[PDB]
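Here is the structure we will look at.
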Amino acid sequence: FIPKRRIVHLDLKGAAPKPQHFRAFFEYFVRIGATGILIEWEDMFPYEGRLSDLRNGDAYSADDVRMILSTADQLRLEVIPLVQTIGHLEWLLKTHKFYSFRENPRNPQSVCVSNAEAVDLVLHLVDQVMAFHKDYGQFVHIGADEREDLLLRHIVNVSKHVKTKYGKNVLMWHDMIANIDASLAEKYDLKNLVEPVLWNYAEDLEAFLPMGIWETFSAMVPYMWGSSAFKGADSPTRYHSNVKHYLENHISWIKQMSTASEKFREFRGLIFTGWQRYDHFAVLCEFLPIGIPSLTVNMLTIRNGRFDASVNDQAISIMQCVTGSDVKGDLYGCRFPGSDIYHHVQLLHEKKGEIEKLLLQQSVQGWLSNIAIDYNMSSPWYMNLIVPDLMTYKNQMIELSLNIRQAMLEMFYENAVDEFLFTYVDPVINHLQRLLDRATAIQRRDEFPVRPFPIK
Ligand SMILES: [Zn+2]
């Protein structure tokens, strides 16, 4: 079983490329056998009217969006918009402006389904997007991911609005309905309204997925999609490439689809998720350039129906990496969009592992403790072995920061680089510097007090 639709998620909640660089990405997406993309604009769309105010400051122009979709179209890439319609609306409801619209007045996450002024804002939001996307895809994704009648009547509502006005098929995330009685699904004629997208980013799905989950859903709907991950599902603070993880998800998905393909009028395809933050408010996870290796190997793996040293190897020559090499281990001299940023961030991963190993060895542990730092009281001799290592790693991390800023600044907006550095690079420079200061001060002491000396 090979999914005929293979869709690459583009999550713009953060680290949203500058607009001239989508062509490159998209051409790469063709070159690995993607049929389409899923664009979650979040706050980066050129919103207008009442929504103009909840736009990212670095938001994309009308002329940009029109060029992005054209470029997609010309490269024979389908475009599915993702618009959140119930939850994950922090970007919209978190100012004063729509405070009134929230399910819970403290949480900027959900909108009150039962408040029709709010449902109205949602439908405008849909229409503002579909304005641009209408001429360019057969599908729309409405979210409804991470009393049941109010939910389903909200979905129904939204679905029909899209189906009717734009003649497209609605996809939503599965979690909202996996529980519900087959009965309620029929009551709301869901077999005719929505295509559930089942998502699971685990390595062994066989471990996490209930049994006859597929049997459950085929008894409810004719159309089903699946959703794997290439990035944004290791850890929230995952900033580097861990291909081994995503690859397990993809192998584990092949087996699943090869059992589920046949119980549906059509298993439509798989969406390769690529979260940029775990949520609006979370930190930046792995940048798209960092996810290219994962994404390359996992596309080829789903189209070849399994992973083998053949897959590995086409993968590499597509990335124009240096021959030999393993896609699961280190890669050198690759040439793909953002490949410099990859190179540099992967170095960051390595340097930081060294630095943590040094901060965990006997020297720093025993003689650069908190009492050493606060009471300038330790062995000069131990300093002489530490201070040199602190200074090297500190200076290397300073140069890494420069390089990454330069690399990332050709493709990303400042805030995104500033956020990355602030999160994943700078705290270490600061921490090395503060240790280097105290270890240097102790290295300069020659006279120490007899014990005991006051402590608190
Ligand atoms: Zn409510």
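Labeling convention for the structure tokens: chains A, B, ... as they appear, residues from 1 per chain, ligands from 1 in order of appearance.
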Please provide the set of residues having any atom within 6 Å of range 321-329 of chain A, restricted to only C-alpha atoms, with same-chain residues fewer than 5 positions apart removed, written as JSON, numbers by chain. {"A": [243, 244, 316, 334]}
Output file for the residues above (C-alpha atoms, as a PDB file, in the first residue's frame):
```
ATOM      1  CA  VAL A 243      15.919  10.748  12.146  1.00  0.00           C
ATOM      2  CA  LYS A 244      15.928   7.365  14.007  1.00  0.00           C
ATOM      3  CA  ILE A 316      21.618  10.920   0.525  1.00  0.00           C
ATOM      4  CA  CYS A 334      24.666  17.989   2.182  1.00  0.00           C
TER       5      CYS A 334
END
```
Which polymer residues have any atom within 10 Å of an atom of residue 337 in chain A, counting only C-alpha atoms, with same-chain residues fewer than 3 positions away left out, as a VMD selection string? chain A and resid 21 to 28 288 to 290 292 319 334 340 to 342 411
Residues contacting ligand 1 - anything with an atom at most 12 Å away, using only C-alpha atoms and all ligand atoms - can you give me those as a ChimeraX atom specification? /A:86,100-105,110-116,118-119,147-151,154
Go ahead and save the picked residues with N, CA and C atoms, as an mmCIF file, in the first residue's frame.
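The resulting file, out-v2.cif, is shown below:
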```
data_model
loop_
_atom_site.group_PDB
_atom_site.id
_atom_site.type_symbol
_atom_site.label_atom_id
_atom_site.label_comp_id
_atom_site.auth_asym_id
_atom_site.auth_seq_id
_atom_site.Cartn_x
_atom_site.Cartn_y
_atom_site.Cartn_z
ATOM 1 N N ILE A 86 -11.995 25.342 16.319
ATOM 2 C CA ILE A 86 -12.530 25.256 17.684
ATOM 3 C C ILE A 86 -11.453 25.634 18.699
ATOM 4 N N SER A 100 -13.830 37.906 24.933
ATOM 5 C CA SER A 100 -15.212 37.599 25.280
ATOM 6 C C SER A 100 -15.618 36.260 24.664
ATOM 7 N N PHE A 101 -14.853 35.858 23.609
ATOM 8 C CA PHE A 101 -15.194 34.716 22.777
ATOM 9 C C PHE A 101 -14.700 33.378 23.321
ATOM 10 N N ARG A 102 -13.847 33.412 24.361
ATOM 11 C CA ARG A 102 -13.187 32.209 24.845
ATOM 12 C C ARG A 102 -14.144 31.267 25.573
ATOM 13 N N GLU A 103 -13.975 29.951 25.419
ATOM 14 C CA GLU A 103 -14.708 28.954 26.213
ATOM 15 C C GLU A 103 -14.562 29.256 27.700
ATOM 16 N N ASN A 104 -13.318 29.435 28.146
ATOM 17 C CA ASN A 104 -12.995 29.763 29.522
ATOM 18 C C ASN A 104 -12.233 31.083 29.490
ATOM 19 N N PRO A 105 -12.630 32.111 30.273
ATOM 20 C CA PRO A 105 -12.072 33.448 30.050
ATOM 21 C C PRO A 105 -10.585 33.535 30.343
ATOM 22 N N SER A 110 -9.537 27.900 23.382
ATOM 23 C CA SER A 110 -10.760 27.450 22.755
ATOM 24 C C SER A 110 -11.716 28.634 22.639
ATOM 25 N N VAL A 111 -12.656 28.524 21.696
ATOM 26 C CA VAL A 111 -13.726 29.505 21.528
ATOM 27 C C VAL A 111 -15.063 28.889 21.961
ATOM 28 N N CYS A 112 -16.023 29.691 22.501
ATOM 29 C CA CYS A 112 -17.280 29.101 22.955
ATOM 30 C C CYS A 112 -18.088 28.710 21.718
ATOM 31 N N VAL A 113 -18.256 27.382 21.498
ATOM 32 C CA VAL A 113 -19.067 26.831 20.405
ATOM 33 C C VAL A 113 -20.490 27.394 20.509
ATOM 34 N N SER A 114 -21.013 27.534 21.742
ATOM 35 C CA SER A 114 -22.402 27.948 21.950
ATOM 36 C C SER A 114 -22.602 29.451 21.886
ATOM 37 N N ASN A 115 -21.577 30.232 21.574
ATOM 38 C CA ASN A 115 -21.727 31.675 21.461
ATOM 39 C C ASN A 115 -21.591 31.969 19.985
ATOM 40 N N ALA A 116 -22.671 32.466 19.378
ATOM 41 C CA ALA A 116 -22.787 32.496 17.938
ATOM 42 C C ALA A 116 -22.001 33.693 17.414
ATOM 43 N N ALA A 118 -19.229 34.092 18.185
ATOM 44 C CA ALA A 118 -17.857 33.598 18.168
ATOM 45 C C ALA A 118 -17.735 32.673 16.963
ATOM 46 N N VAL A 119 -18.801 31.875 16.806
ATOM 47 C CA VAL A 119 -18.874 30.968 15.686
ATOM 48 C C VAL A 119 -18.789 31.823 14.439
ATOM 49 N N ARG A 147 -23.398 17.864 25.020
ATOM 50 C CA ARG A 147 -22.001 18.347 25.169
ATOM 51 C C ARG A 147 -21.115 17.906 23.992
ATOM 52 N N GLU A 148 -21.077 16.588 23.666
ATOM 53 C CA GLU A 148 -20.468 16.130 22.409
ATOM 54 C C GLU A 148 -21.368 16.579 21.244
ATOM 55 N N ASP A 149 -22.661 16.835 21.508
ATOM 56 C CA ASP A 149 -23.601 17.336 20.502
ATOM 57 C C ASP A 149 -23.249 18.767 20.099
ATOM 58 N N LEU A 150 -22.808 19.597 21.058
ATOM 59 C CA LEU A 150 -22.473 20.998 20.799
ATOM 60 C C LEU A 150 -21.227 21.079 19.922
ATOM 61 N N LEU A 151 -20.343 20.097 20.164
ATOM 62 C CA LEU A 151 -19.118 19.952 19.411
ATOM 63 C C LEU A 151 -19.529 19.603 17.977
ATOM 64 N N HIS A 154 -21.046 21.964 15.915
ATOM 65 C CA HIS A 154 -20.108 23.035 15.574
ATOM 66 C C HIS A 154 -19.363 22.640 14.285
#
```
Residue 421 in chain A environment, 12 Å, only C-alpha atoms, sequence neighbours closer than 3 positions dropped, as an NGL selection string: :A and (239 or 283-284 or 345 or 348 or 397-398 or 400-406 or 408-409 or 414-418 or 424-430)
Convert the current residue selection to file output with C-alpha atoms, as a PDB file, in the first residue's frame.
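Saved to result-v9.pdb:
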```pdb
ATOM      1  CA  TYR A 239      16.243  21.581  18.176  1.00  0.00           C
ATOM      2  CA  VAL A 283       9.092  27.256  22.407  1.00  0.00           C
ATOM      3  CA  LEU A 284      10.365  26.642  18.937  1.00  0.00           C
ATOM      4  CA  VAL A 345      22.712  23.518  14.313  1.00  0.00           C
ATOM      5  CA  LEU A 348      25.533  23.082  18.237  1.00  0.00           C
ATOM      6  CA  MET A 397      29.895  28.662  21.193  1.00  0.00           C
ATOM      7  CA  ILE A 398      30.303  32.371  20.490  1.00  0.00           C
ATOM      8  CA  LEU A 400      28.563  29.068  16.472  1.00  0.00           C
ATOM      9  CA  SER A 401      26.067  31.744  17.504  1.00  0.00           C
ATOM     10  CA  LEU A 402      27.426  34.108  14.819  1.00  0.00           C
ATOM     11  CA  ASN A 403      27.361  31.491  12.130  1.00  0.00           C
ATOM     12  CA  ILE A 404      23.819  30.314  12.948  1.00  0.00           C
ATOM     13  CA  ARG A 405      22.508  33.859  13.064  1.00  0.00           C
ATOM     14  CA  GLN A 406      23.945  34.475   9.577  1.00  0.00           C
ATOM     15  CA  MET A 408      19.259  31.509   9.662  1.00  0.00           C
ATOM     16  CA  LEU A 409      18.928  35.244   8.780  1.00  0.00           C
ATOM     17  CA  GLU A 414      14.907  38.165  13.246  1.00  0.00           C
ATOM     18  CA  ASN A 415      12.475  37.317  15.981  1.00  0.00           C
ATOM     19  CA  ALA A 416      12.791  33.619  15.100  1.00  0.00           C
ATOM     20  CA  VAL A 417      16.633  33.737  15.179  1.00  0.00           C
ATOM     21  CA  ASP A 418      16.631  35.803  18.365  1.00  0.00           C
ATOM     22  CA  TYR A 424      19.283  27.125  22.815  1.00  0.00           C
ATOM     23  CA  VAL A 425      22.643  28.912  22.562  1.00  0.00           C
ATOM     24  CA  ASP A 426      23.018  32.014  24.758  1.00  0.00           C
ATOM     25  CA  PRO A 427      22.136  30.499  28.196  1.00  0.00           C
ATOM     26  CA  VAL A 428      25.219  28.379  27.745  1.00  0.00           C
ATOM     27  CA  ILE A 429      27.533  31.211  26.830  1.00  0.00           C
ATOM     28  CA  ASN A 430      26.234  33.082  29.870  1.00  0.00           C
TER      29      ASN A 430
END
```
Pick from A:193, A:302, A:385, A:233: nearest to residue 257 in chain A, with only C-alpha atoms counted? A:302
So that I can check the secondary structure, give me every residue of range 303-443 of chain A assigned alpha helix (DSSP H) by backbone DSSP, as number ranges by chain. A: 303, 309-319, 339-360, 362-367, 370-374, 380-411, 414-424, 426-443
Residue 437 in chain A: which residues within 12 Å, counting only C-alpha atoms, same-chain residues fewer than 2 positions away excluded, as number ranges by chain? A: 368, 372-374, 376, 383, 386-387, 390-391, 394, 430-435, 439-444
Using C-alpha atoms, can you export the residues from the last selection as a CSV table (one decimal), in the first residue's frame?
```csv
chain,number,residue,atom,x,y,z
A,368,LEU,CA,33.4,24.2,40.9
A,372,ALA,CA,33.3,27.3,45.3
A,373,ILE,CA,31.4,29.8,43.2
A,374,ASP,CA,29.8,31.7,46.2
A,376,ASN,CA,35.5,31.7,46.1
A,383,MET,CA,41.0,25.7,38.1
A,386,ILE,CA,39.1,23.8,34.0
A,387,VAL,CA,39.5,27.4,33.1
A,390,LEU,CA,35.7,26.7,29.8
A,391,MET,CA,37.4,29.4,27.7
A,394,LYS,CA,32.8,29.4,25.4
A,430,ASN,CA,26.2,33.1,29.9
A,431,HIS,CA,26.7,30.0,32.1
A,432,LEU,CA,30.2,29.3,30.8
A,433,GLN,CA,31.1,33.0,31.3
A,434,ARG,CA,29.9,33.0,34.9
A,435,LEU,CA,31.9,29.9,35.7
A,439,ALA,CA,37.1,29.9,38.4
A,440,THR,CA,39.5,32.6,37.3
A,441,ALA,CA,39.0,34.4,40.6
A,442,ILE,CA,39.8,31.3,42.6
A,443,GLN,CA,42.8,30.6,40.3
A,444,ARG,CA,44.0,34.0,41.5
```
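Residues lying within 7 Å of range 68-84 of chain A, counting only C-alpha atoms and ignoring same-chain neighbours fewer than 5 positions away, are residues 22, 23, 26, 35, 36, 37, 38, 39, 40, 89, 126, 136, 137, 139, 140, 141, 142, 143 and 144 of chain A.
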Quote the spacing between CA of residue 231 in chain A and CA of residue 273 in chain A in Å to one decimal place. 6.9 Å
